[PDB]
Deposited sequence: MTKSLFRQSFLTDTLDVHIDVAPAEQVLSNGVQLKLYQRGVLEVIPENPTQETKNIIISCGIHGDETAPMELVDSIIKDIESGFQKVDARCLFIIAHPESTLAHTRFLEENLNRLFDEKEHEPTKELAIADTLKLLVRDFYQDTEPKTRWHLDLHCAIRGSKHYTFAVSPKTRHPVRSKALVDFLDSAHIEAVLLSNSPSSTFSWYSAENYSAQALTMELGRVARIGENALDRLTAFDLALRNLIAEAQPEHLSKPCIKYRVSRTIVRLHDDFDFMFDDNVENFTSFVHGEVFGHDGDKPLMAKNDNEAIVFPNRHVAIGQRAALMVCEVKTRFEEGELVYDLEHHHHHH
């Protein structure tokens, strides 16, 4: 009723983006601030009502989550989906989804930190996203804040689904967030040990949001995704916006910590494995898998795995993450390790 065809289709069509609101029969409120920005407010908001930012498309070619979000919007508008939490749905960067690329000028998910950046289409976008976050979390209790940034991996992995929890002094690794991971059947969660520049990290660092960057499957065109493999996640996400089905029958996702961070020191840097190297590819102690100048790269422990490898990474930046399972527990409602 608010859309010509659907949230994702309208967003993708350049010829339609003026603000508009709408109140559903069940009391749910929908507000389209601008292209790809949809707020959903529950009929009966309370002090315990969650404020969830659900973003997708930070990278244009990662369509699966966009499709899931599109169906959730459709179900909420038809009353089929019960709405209990205040949400902000975002399809960031629709222009890149059209070019079917990761980005147009620069990786949007590296532009949220305080470093200096050159002017790019993505910079201006990131600038706008920081504003949307601010407006949505304004006058909300920190404990109610959630930010789920939905992505897709660019390479294979023994973990079809996994998530990354940002590093901040704020307690953003809660019991509810972890329960969500488990209910969603996310195979593993990587706990960052260093401040980042992602959209997820920005919410955690600046608004203490229970935030994650979630890798849902692989990249594929719209209508050509392996959607069934995301059924568990989608159901867990629907239960979250509806504040329902709070069970603990599922298994704990694997918890990883950063063994060490690899930084490119010289121009002559490379890995021995192929470019289609899978995330979480493990190594044995002392195994060489690359080299930086003269000094080779080899596993330190016996339980290390490589994550997010990138040999094109400019000099001085990180080329990879070495991770390993970690012994975890909850201390004062925060998931910590060791």
{"query": "Sequence ranges without modelled C-alpha atoms (deposited numbering)", "finding": "1-3, 20, 343-350"}
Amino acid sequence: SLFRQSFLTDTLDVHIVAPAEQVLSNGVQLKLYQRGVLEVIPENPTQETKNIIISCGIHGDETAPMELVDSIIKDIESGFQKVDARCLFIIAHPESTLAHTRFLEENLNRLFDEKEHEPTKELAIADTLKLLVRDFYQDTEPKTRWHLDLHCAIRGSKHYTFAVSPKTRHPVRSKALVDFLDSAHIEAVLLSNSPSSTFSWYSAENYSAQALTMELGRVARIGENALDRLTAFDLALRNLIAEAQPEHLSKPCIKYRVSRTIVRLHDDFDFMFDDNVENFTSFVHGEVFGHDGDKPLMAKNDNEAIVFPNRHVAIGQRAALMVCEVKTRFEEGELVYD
From here on, numbers count along this sequence of modelled residues.
{"item": "Stretch with the higher entry mean CA B-factor, where the candidates are 287-295 and 274-282", "value": "287-295"}
{"item": "Greater mean Cα temperature factor according to the PDB record, 84-92 or 170-178", "value": "84-92"}
{"item": "Top residue by Cα temperature factor, when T63, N51, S55, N310 are compared in the entry", "value": "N310"}
{"item": "From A220, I76, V263, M214, residue of greatest CA B-factor", "value": "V263"}
{"item": "Third of the chain, ranked by Cα B-factor, where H248 sits", "value": "highest"}
{"item": "Entry-reported Cα temperature factor of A236, expressed as the chain third it lands in", "value": "middle"}
{"item": "Modelled-residue ranking by C-alpha temperature factor, third containing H59", "value": "lowest"}
{"item": "Ranked C-alpha temperature factor of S259 among modelled chain residues, by third", "value": "highest"}
{"item": "Ranked against its chain, the third holding the CA B-factor of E43", "value": "highest"}
